[PDB]
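Take a look at the structure below.
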Amino acid sequence: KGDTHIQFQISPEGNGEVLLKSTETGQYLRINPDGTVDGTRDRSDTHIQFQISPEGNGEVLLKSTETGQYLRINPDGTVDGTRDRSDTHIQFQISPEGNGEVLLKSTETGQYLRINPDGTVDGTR
């Protein structure tokens, strides 16, 4: 939890969409059509638009709207997209740390989402 690349801002975009942005670099989380996940500064990229979908008891899904893929953190720390809504590795807890900064913690594995400064995305405990 002491990692320096795990804090995000959540920017509302109306119509119920949000952007998930690294506080360090301003890079936005992106799910590509091929299921890979990375970071980009391209504000106009359609693949950075997310919907936060409540599951109950405070768990949420983070769904990339353009291609309907849910963010997944696997036990091995890799991050990808999936359409399998029953996967236990797509549930997140949004944990604020003050001033609009949050950690995005994947419930099943205890991993925090991380966007490294090179735009690579992974999980760290």
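Identifiers for the structure tokens are assigned positionally: chains receive A, B, ... in sequence, residues are indexed from 1 per chain, and ligands are indexed from 1 in the order shown.
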Tell me, as a PyMOL selection string, which residues lie within 12 Å of residue 34 of chain A, counting only C-alpha atoms; anything in the same chain fewer than 5 positions away does not count. chain A and resi 47+67-69+80-83
Could you save those same residues with C-alpha atoms as a short mmCIF file (atom, residue, chain, number, x, y, z; two decimals), in the first residue's frame?
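Everything below was put into part18.cif:
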```cif
data_model
loop_
_atom_site.label_atom_id
_atom_site.label_comp_id
_atom_site.auth_asym_id
_atom_site.auth_seq_id
_atom_site.Cartn_x
_atom_site.Cartn_y
_atom_site.Cartn_z
CA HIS A 47 -11.29 3.56 -24.28
CA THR A 67 -16.03 -2.25 -25.28
CA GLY A 68 -17.94 -3.40 -22.21
CA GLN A 69 -14.91 -4.89 -20.48
CA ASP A 80 -6.53 -7.19 -18.08
CA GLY A 81 -10.11 -6.75 -19.26
CA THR A 82 -12.86 -9.35 -19.27
CA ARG A 83 -16.55 -9.55 -20.09
#
```
Tell me, as a PDB file with N, CA, C and O atoms, in the first residue's frame, which residues lie within 12 Å of residue 78 of chain A, counting only C-alpha atoms; anything in the same chain fewer than 5 positions away does not count.
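Result saved to part.pdb:
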```pdb
ATOM      1  N   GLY A  35      -8.223  -6.514 -24.844  1.00  0.00           N
ATOM      2  CA  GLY A  35      -8.237  -6.926 -23.449  1.00  0.00           C
ATOM      3  C   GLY A  35      -7.019  -6.469 -22.664  1.00  0.00           C
ATOM      4  O   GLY A  35      -6.952  -6.653 -21.446  1.00  0.00           O
ATOM      5  N   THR A  36      -6.040  -5.884 -23.346  1.00  0.00           N
ATOM      6  CA  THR A  36      -4.907  -5.316 -22.625  1.00  0.00           C
ATOM      7  C   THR A  36      -5.308  -4.011 -21.951  1.00  0.00           C
ATOM      8  O   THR A  36      -6.213  -3.312 -22.393  1.00  0.00           O
ATOM      9  N   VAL A  37      -4.611  -3.695 -20.874  1.00  0.00           N
ATOM     10  CA  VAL A  37      -4.869  -2.500 -20.091  1.00  0.00           C
ATOM     11  C   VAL A  37      -3.580  -1.703 -19.975  1.00  0.00           C
ATOM     12  O   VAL A  37      -2.525  -2.258 -19.681  1.00  0.00           O
ATOM     13  N   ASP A  38      -3.663  -0.400 -20.221  1.00  0.00           N
ATOM     14  CA  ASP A  38      -2.489   0.455 -20.119  1.00  0.00           C
ATOM     15  C   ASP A  38      -2.920   1.886 -19.806  1.00  0.00           C
ATOM     16  O   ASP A  38      -4.101   2.134 -19.534  1.00  0.00           O
ATOM     17  N   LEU A  71     -12.446  -4.249 -15.615  1.00  0.00           N
ATOM     18  CA  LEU A  71     -11.072  -4.327 -15.165  1.00  0.00           C
ATOM     19  C   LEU A  71     -10.898  -5.524 -14.233  1.00  0.00           C
ATOM     20  O   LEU A  71     -11.726  -5.750 -13.342  1.00  0.00           O
ATOM     21  N   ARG A  72      -9.815  -6.273 -14.425  1.00  0.00           N
ATOM     22  CA  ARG A  72      -9.517  -7.456 -13.627  1.00  0.00           C
ATOM     23  C   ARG A  72      -8.070  -7.421 -13.138  1.00  0.00           C
ATOM     24  O   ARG A  72      -7.165  -7.168 -13.933  1.00  0.00           O
ATOM     25  N   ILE A  73      -7.846  -7.656 -11.843  1.00  0.00           N
ATOM     26  CA  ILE A  73      -6.484  -7.884 -11.375  1.00  0.00           C
ATOM     27  C   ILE A  73      -6.346  -9.354 -11.016  1.00  0.00           C
ATOM     28  O   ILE A  73      -7.068  -9.876 -10.155  1.00  0.00           O
ATOM     29  N   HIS A  89     -12.479 -11.658  -9.668  1.00  0.00           N
ATOM     30  CA  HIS A  89     -11.323 -10.769  -9.687  1.00  0.00           C
ATOM     31  C   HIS A  89     -11.598  -9.420 -10.322  1.00  0.00           C
ATOM     32  O   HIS A  89     -10.665  -8.660 -10.575  1.00  0.00           O
ATOM     33  N   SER A 106      -8.450  -4.432  -5.462  1.00  0.00           N
ATOM     34  CA  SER A 106      -9.221  -5.569  -5.947  1.00  0.00           C
ATOM     35  C   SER A 106      -9.438  -6.557  -4.798  1.00  0.00           C
ATOM     36  O   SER A 106      -8.496  -7.185  -4.307  1.00  0.00           O
ATOM     37  N   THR A 109      -7.936 -10.346  -4.185  1.00  0.00           N
ATOM     38  CA  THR A 109      -6.499 -10.586  -4.087  1.00  0.00           C
ATOM     39  C   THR A 109      -5.779  -9.615  -3.167  1.00  0.00           C
ATOM     40  O   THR A 109      -4.621  -9.840  -2.819  1.00  0.00           O
ATOM     41  N   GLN A 111      -4.872  -6.708  -4.058  1.00  0.00           N
ATOM     42  CA  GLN A 111      -3.949  -5.907  -4.834  1.00  0.00           C
ATOM     43  C   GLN A 111      -4.503  -4.548  -5.191  1.00  0.00           C
ATOM     44  O   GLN A 111      -5.682  -4.399  -5.500  1.00  0.00           O
ATOM     45  N   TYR A 112      -3.623  -3.556  -5.141  1.00  0.00           N
ATOM     46  CA  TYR A 112      -3.946  -2.209  -5.566  1.00  0.00           C
ATOM     47  C   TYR A 112      -3.569  -2.017  -7.029  1.00  0.00           C
ATOM     48  O   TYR A 112      -2.504  -2.450  -7.470  1.00  0.00           O
ATOM     49  N   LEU A 113      -4.448  -1.372  -7.786  1.00  0.00           N
ATOM     50  CA  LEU A 113      -4.149  -1.054  -9.170  1.00  0.00           C
ATOM     51  C   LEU A 113      -3.022  -0.036  -9.210  1.00  0.00           C
ATOM     52  O   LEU A 113      -3.002   0.918  -8.423  1.00  0.00           O
ATOM     53  N   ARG A 114      -2.105  -0.224 -10.148  1.00  0.00           N
ATOM     54  CA  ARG A 114      -0.951   0.652 -10.292  1.00  0.00           C
ATOM     55  C   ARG A 114      -0.766   1.038 -11.758  1.00  0.00           C
ATOM     56  O   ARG A 114      -0.731   0.156 -12.623  1.00  0.00           O
ATOM     57  N   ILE A 115      -0.671   2.338 -12.056  1.00  0.00           N
ATOM     58  CA  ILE A 115      -0.207   2.756 -13.381  1.00  0.00           C
ATOM     59  C   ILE A 115       1.219   3.272 -13.222  1.00  0.00           C
ATOM     60  O   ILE A 115       1.464   4.325 -12.614  1.00  0.00           O
ATOM     61  N   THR A 120       2.517   1.317 -18.156  1.00  0.00           N
ATOM     62  CA  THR A 120       2.166  -0.072 -17.899  1.00  0.00           C
ATOM     63  C   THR A 120       1.305  -0.168 -16.640  1.00  0.00           C
ATOM     64  O   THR A 120       1.481   0.602 -15.682  1.00  0.00           O
ATOM     65  N   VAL A 121       0.363  -1.101 -16.656  1.00  0.00           N
ATOM     66  CA  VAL A 121      -0.567  -1.243 -15.552  1.00  0.00           C
ATOM     67  C   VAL A 121      -0.442  -2.627 -14.948  1.00  0.00           C
ATOM     68  O   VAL A 121      -0.400  -3.625 -15.662  1.00  0.00           O
ATOM     69  N   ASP A 122      -0.366  -2.681 -13.627  1.00  0.00           N
ATOM     70  CA  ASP A 122      -0.290  -3.963 -12.938  1.00  0.00           C
ATOM     71  C   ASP A 122      -0.891  -3.827 -11.539  1.00  0.00           C
ATOM     72  O   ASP A 122      -1.494  -2.798 -11.222  1.00  0.00           O
ATOM     73  N   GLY A 123      -0.789  -4.883 -10.738  1.00  0.00           N
ATOM     74  CA  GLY A 123      -1.262  -4.861  -9.369  1.00  0.00           C
ATOM     75  C   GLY A 123      -0.099  -4.992  -8.405  1.00  0.00           C
ATOM     76  O   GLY A 123       0.902  -5.654  -8.695  1.00  0.00           O
ATOM     77  N   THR A 124      -0.224  -4.358  -7.247  1.00  0.00           N
ATOM     78  CA  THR A 124       0.765  -4.530  -6.191  1.00  0.00           C
ATOM     79  C   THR A 124       0.061  -4.607  -4.853  1.00  0.00           C
ATOM     80  O   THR A 124      -0.943  -3.937  -4.632  1.00  0.00           O
TER      81      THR A 124
END
```
Could you tell me how far atom CA of residue 50 of chain A sits from atom CA of residue 64 of chain A, in Å to one decimal place?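 About the pair atom CA of residue 64 of chain A and atom CA of residue 50 of chain A: they are 4.5 Å apart.
The shortest atom-to-atom distance to residue 49 of chain A, with only C-alpha atoms taken into account, belongs to A:31 out of A:119, A:85, A:104, A:31.
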Within 9 Å of segment 52-58 of chain A, counting only C-alpha atoms, which residues show up once you throw out same-chain ones fewer than 3 positions away? Write them as a list in words, please.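 That gives residues 16, 17, 18, 61, 62, 63, 91, 92, 93 and 94 of chain A.
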Output of the above residues as an mmCIF file, in the first residue's frame, restricted to C-alpha atoms:
```cif
data_model
loop_
_atom_site.group_PDB
_atom_site.id
_atom_site.type_symbol
_atom_site.label_atom_id
_atom_site.label_comp_id
_atom_site.auth_asym_id
_atom_site.auth_seq_id
_atom_site.Cartn_x
_atom_site.Cartn_y
_atom_site.Cartn_z
ATOM 1 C CA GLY A 16 -22.563 8.629 -15.609
ATOM 2 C CA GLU A 17 -19.058 8.131 -17.010
ATOM 3 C CA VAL A 18 -15.764 8.790 -15.242
ATOM 4 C CA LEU A 61 -17.069 -3.070 -10.959
ATOM 5 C CA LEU A 62 -14.982 -0.767 -13.156
ATOM 6 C CA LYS A 63 -16.346 -1.144 -16.675
ATOM 7 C CA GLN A 91 -14.621 -6.572 -7.755
ATOM 8 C CA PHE A 92 -13.043 -3.408 -6.362
ATOM 9 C CA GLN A 93 -13.137 -1.270 -3.267
ATOM 10 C CA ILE A 94 -12.637 2.441 -3.925
#
```
Name the residues of chain A that come out as strand (DSSP E) in a backbone DSSP run; write them as a PyMOL selection string. chain A and resi 8-12+18-22+28-31+37-40+50-56+59-64+69-73+79-82+92-96+101-106+111-115+121-124
Residue list (helix (DSSP H, G or I), DSSP) for chain A, as a ChimeraX atom specification: /A:46-48,88-90
Next, the residues of the selection above should be written as a CSV table (one decimal), in the first residue's frame with N, CA, C and O atoms.
```
chain,number,residue,atom,x,y,z
A,46,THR,N,-11.5,6.9,-26.7
A,46,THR,CA,-12.8,6.4,-26.2
A,46,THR,C,-12.7,5.3,-25.2
A,46,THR,O,-13.6,5.0,-24.4
A,47,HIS,N,-11.5,4.7,-25.1
A,47,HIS,CA,-11.3,3.6,-24.3
A,47,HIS,C,-10.9,3.9,-22.8
A,47,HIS,O,-10.6,3.0,-22.1
A,48,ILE,N,-10.9,5.2,-22.5
A,48,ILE,CA,-10.6,5.6,-21.1
A,48,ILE,C,-11.9,5.9,-20.3
A,48,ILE,O,-11.8,6.3,-19.2
A,88,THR,N,-14.5,-13.4,-10.0
A,88,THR,CA,-14.4,-12.8,-8.7
A,88,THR,C,-13.3,-11.7,-8.6
A,88,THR,O,-13.2,-11.0,-7.6
A,89,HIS,N,-12.5,-11.7,-9.7
A,89,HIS,CA,-11.3,-10.8,-9.7
A,89,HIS,C,-11.6,-9.4,-10.3
A,89,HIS,O,-10.7,-8.7,-10.6
A,90,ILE,N,-12.9,-9.1,-10.5
A,90,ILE,CA,-13.3,-7.8,-11.1
A,90,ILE,C,-13.9,-6.9,-10.1
A,90,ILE,O,-14.3,-5.8,-10.4
```
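The two atoms in question, atom CA of residue 6 of chain A and atom CA of residue 87 of chain A, are spaced 22.7 Å apart.
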From A:74, A:125, A:13, A:117, residue lying nearest residue 25 of chain A [only C-alpha atoms]: A:117
Contact residues around residue 27 of chain A with only C-alpha atoms at 9 Å, ignoring same-chain residues under 3 positions, as a PyMOL selection string: chain A and resi 20-24+39-42+115+117+119
Point-to-point distance in Å for atom CA of residue 30 of chain A and atom CA of residue 70 of chain A: 11.0 Å
